[PDB]
Structure formats: C-alpha cells, structure tokens
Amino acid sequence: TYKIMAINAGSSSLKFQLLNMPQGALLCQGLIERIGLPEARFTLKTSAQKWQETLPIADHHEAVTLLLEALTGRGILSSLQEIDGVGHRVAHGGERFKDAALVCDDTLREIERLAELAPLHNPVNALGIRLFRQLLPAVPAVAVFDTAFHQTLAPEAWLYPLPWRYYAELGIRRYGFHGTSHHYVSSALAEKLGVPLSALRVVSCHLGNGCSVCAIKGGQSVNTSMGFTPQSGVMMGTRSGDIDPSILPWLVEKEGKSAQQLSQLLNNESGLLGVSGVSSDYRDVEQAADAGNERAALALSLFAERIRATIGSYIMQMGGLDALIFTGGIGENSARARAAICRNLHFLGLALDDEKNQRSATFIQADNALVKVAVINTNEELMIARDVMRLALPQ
C-alpha cells in the first residue's frame, strides 16, 4: 500500500486528495479557496469528519504549508514521509507531452514555456509543483496533462482550415481537454465489459460545467470537441462552444468589444446561463423549465442537440459505435439529459432501458440494443494517482 496525493492548484484555490493505492481508497480530500483574498477558507474532510476554517492565507506557499500541517495535526498521517508520491494536474501540455511525466527541473521549464497557451492555469499549476518540491523534497512528483490523451489525433483532425502559418508559426491547432477524464472512463468501461479498449469504438461524453465529447478507437483518442482552448465544441454551463466565427468580427465593429470582452462573452456569459437567463447550473435551469420558463426549456434542448451533433460526427469518423459513455456532474446524474441525447437512434441499434436509466445503473442500454451505454463516475484524481504509481514507483 502506497499513499499518493493528487493536487490541483487554481488561480485562487488548491484541491487535494490523498489516496491509498493501488486500491484507490480515499483517505482525505479538501479545498483551500480564496487564496490571497479575504474569506480565505480551508476545508478538509476524511471518511468520517469535516473541518472548516476561515483564516488569512496569503499565497499558495501558505496554502501548501497549512495542508501538510493538517495531515499530521488531524492524525491522518503519522508523518509526511509516509507520502509516497504527488501527482499534479496541468492544464496544457502542448505537443511536447504525449504522456504524464516525471517532474525534473526542465519539465517544469517546459510547462512554464507553455504558459502562453494556458495563461490562467499553467503558471499556477507549475507553482504547485514548485512549492511541493520545496516543502516535500524527498517525494517524487508527476505532472498529468489534460491534453496528453488527445495527442494521438491525426492531422486532419487537429488542423484548423486557416493559413498554414497559423499552425506552423503560432501553434494554433486543436488540442482538446478533459483528457484525464476521457482516459479514465474509457479504460474503466473496458474493464467493466471484460474486453480490451482496442476492440471497441467508444464515444465518451464528459458533461459537467465544462463539457466535451471524445472519440476513442483502438484505445486511442481520434477526435475531441474542445479545440485550441477549453471554450469550444459543445454548449456548456457558461461557455458557448462552437459558433459562427464571423459573429466575432461583426460584434467588434458593432459593439466595440475588446479581445478580453470577446473571450468573456464566449467563456462566462453564454451556454446554459446565456440562453436560459436563469443559471449556469443544469439543475437550476431544469427546475425553471418545468415551471414553464420557455428560454430555460430551450436551453436544455439546445444543450442536448449540440452533444448529439458532435456524437454524430464521431460515429461517422469511426465507421460505427460499440459504446457510449456518460460522465461528469450532468452525465452521471441526469437520466433526462441522457434520454434526450439518446432518443431516436435506432439507425445505430442504440436505445435505453428506461428503468435502468432512471436509477443511473452502470449499463442503461435496452435489452436488444447493439450499443452499450454506460454511466461511469469519473475519478480524475484516481487516474492521476495511477500515473504517479506508473512513473514514480515502477515496482
């Protein structure tokens, strides 16, 4: 048994999980938020207890110190030397990183190098790596990149139809994200079916606050809906996904919107929130819709249609479909969303069993369906801990 810590550092936050491996049992989890701001709060939960404290937390350096002190001060660990490894979520690995990587000092520089491509995320992700190496010098660390799973896309899937130099010189191409999630659920599906992933054509829908769809054929990602950044693809909580690109120059001429305002339009005011006028939260929009808000109902319907259109593209590209996976906050819990997405797919041999779908059973396809339809809880931290075991503790 090994004790592996999975870390996810944000602009103002620090999420962590401590796992018992290789079984994957959750020892503790928690969140430090509002770092460097007032209302800074530290929440820490075990299997059995919860602790919560509002207190000043200056920077991420102070956030990490409080985490480590609490692990022993709450009796979770007898000592910090019991930690066998740390995995860190990194937003963007560009083309450099095709897999999770052992953290030496010029994987950190490489991650810093890519900062240009994930400005709000990669710098702080690297800061986390730095702090833990400083405060946990003897513990090996692994970086797990949200883009790495998608590096098997072929050129005709990642090249945008712009002038060649926009890729050759500026790096503009599809990257895709949620890589760690799509990887985790597709491998989990294969173990539940008792067949290897290489035998199945799989479409994976990660539907949360951010949403993306991924086509997995022969064990490899061959397409995915997010692109150059996590804004694009299907409709999301506050992100519009794909729209007519010519709308943007129109809006600049018309409303004088800056680049920062265009990006805020696309990332923070669109999606469920922008269409419903109600909320970014699926449950809130659905509640409003059943009370007769027609914009809210339209929002939910458009949400399902955008996902259907993307699934349809990927089934075409693979030449058929053997399994469809739902995951994320919406995909795991909304029988209604899943039903709307899966309706009228007899041309694929795909239909749902209503009773199974209503209780979110693992498999929800109908008795005579040719396509397996799975509801799988995603567990990205578990997937990170397994990357730590694989690359830092190879025995």
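A residue's number is simply how far along the shown sequence it sits, counting from 1. Each form is matched to the other, and the largest set of C-alpha atoms that superpose within 1.5 Å is called the rigid core.
Undergrad: C-alpha RMS from this form in 4 other deposited structures of this protein, rigid core superposed: larger for 251-259 or 172-180?
TA: Farther from the shown form on average in 4 other deposited structures of this protein: 251-259.
Undergrad: Determine, among the other compared PDB entries that model residues flanking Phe347, whether at least a third leave it unmodelled.
TA: No, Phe347 is modelled in every other compared entry.
Undergrad: Counting only other entries that model residues on either side of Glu332, is it left out in at least a third?
TA: No, none of the compared structures omit it.
Undergrad: Looking only at CA atoms, which has the higher mean B factor in the entry: 78-86 or 150-158?
TA: So the stretch with the higher mean C-alpha B-factor is 78-86.
Undergrad: On mean C-alpha B-factor from the PDB entry, just flag whether 319-327 or 100-108 is the higher one.
TA: Higher mean C-alpha B-factor: 100-108.
Undergrad: Per the entry, which of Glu255, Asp242, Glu305, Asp281 tops the list for Cα B factor?
TA: Most elevated C-alpha B-factor of the set, per the entry: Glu255.
Undergrad: Checking the record values for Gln358, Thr362, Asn333, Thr43, which has the greatest CA B factor?
TA: Largest recorded C-alpha B-factor: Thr43.
Undergrad: Name the third of the chain's ranked CA B-factors that contains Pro123, choosing lowest, middle or highest.
TA: For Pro123, whose C-alpha B-factor we compare with every modelled residue in the chain, the answer is the highest third.
Undergrad: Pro163's Cα B-factor: lowest, middle or highest third of the chain?
TA: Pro163: CA B-factor falls in the highest third of its chain.
Undergrad: Per the entry's values, where does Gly194 land by CA temperature factor relative to the rest of its chain, in the lowest, middle or highest third?
TA: Highest third - that is where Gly194 ends up once the chain's C-alpha B-factors are sorted.
Undergrad: For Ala340, return the chain-relative third of its C-alpha B-factor as stated in the PDB record: lowest, middle or highest.
TA: For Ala340, the deposited C-alpha B-factor lands in the lowest third.
Undergrad: What third of the chain, by the recorded C-alpha B-factor, contains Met389?
TA: Middle third of the chain for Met389's C-alpha B-factor.
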